[PDB]
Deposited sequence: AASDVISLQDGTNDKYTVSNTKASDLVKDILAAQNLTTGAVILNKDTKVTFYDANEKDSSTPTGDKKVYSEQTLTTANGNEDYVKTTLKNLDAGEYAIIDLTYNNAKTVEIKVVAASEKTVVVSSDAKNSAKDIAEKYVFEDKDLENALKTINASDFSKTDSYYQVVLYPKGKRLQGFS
């Protein structure tokens, strides 16, 4: 719901990742939040969707990767709801998008849509199969520990949880 996009700027965090398998609702929520007529915080109607390919580089672009497709301002007025939804859903490996959100609060949030499935592991030796198949950056795994090792660290719906993004798949058989 539009609540979900407005919540993104409720805290000091302004960097998020959404799975492309949720592209329909994502776009729904973004348009819903910018079409809000009565909420205390409303998303501006300037939401910009830029597309990149990670497997080809360009140091001049903000992400450092060569841009692909067309830069879109997603609004119901611009009628580009279907191009963005279908492009996101049909992203191939290595292609992604940065959606830049601006609010009437004058706040900004960045959402990254990656061609990735969502999977939840519940825990140990469990880490073995995770590390055999995928490769991670240590700073990410370190920061994960830095949040687990804080007094502020709380449970999410009866569960302590952290979210990890592998850089890619590890070569197996060697």
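Missing from the model, relative to the deposited sequence, are the ranges 124-127, 179.
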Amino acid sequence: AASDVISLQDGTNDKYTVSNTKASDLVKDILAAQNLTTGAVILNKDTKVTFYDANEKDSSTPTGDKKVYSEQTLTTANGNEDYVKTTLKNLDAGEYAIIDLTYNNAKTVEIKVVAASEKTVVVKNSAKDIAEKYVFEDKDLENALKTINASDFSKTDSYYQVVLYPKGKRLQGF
From here on, numbers count along this sequence of modelled residues.
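As the entry records it, the average C-alpha temperature factor is higher for 146-154, out of 146-154 and 159-167. Stretch comparison (52-60 versus 134-142) by mean CA B-factor in the PDB entry places 52-60 on top.
Within the listed group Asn105, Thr47, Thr37, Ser117, the record reports its top CA B-factor for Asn105. Annotation for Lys112: CA B-factor lies in the middle third of the chain's modelled residues. Per-chain ranking of the deposited C-alpha B factor places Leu43 in the middle third. Placement of the Cα temperature factor of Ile99 within the chain: middle third of the modelled residues, per the deposited record.
Sort the modelled residues of the chain by CA B factor and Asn13 lands in the middle third. The entry lists a Cα temperature factor for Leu74 that places it in the highest third of the chain's modelled residues.
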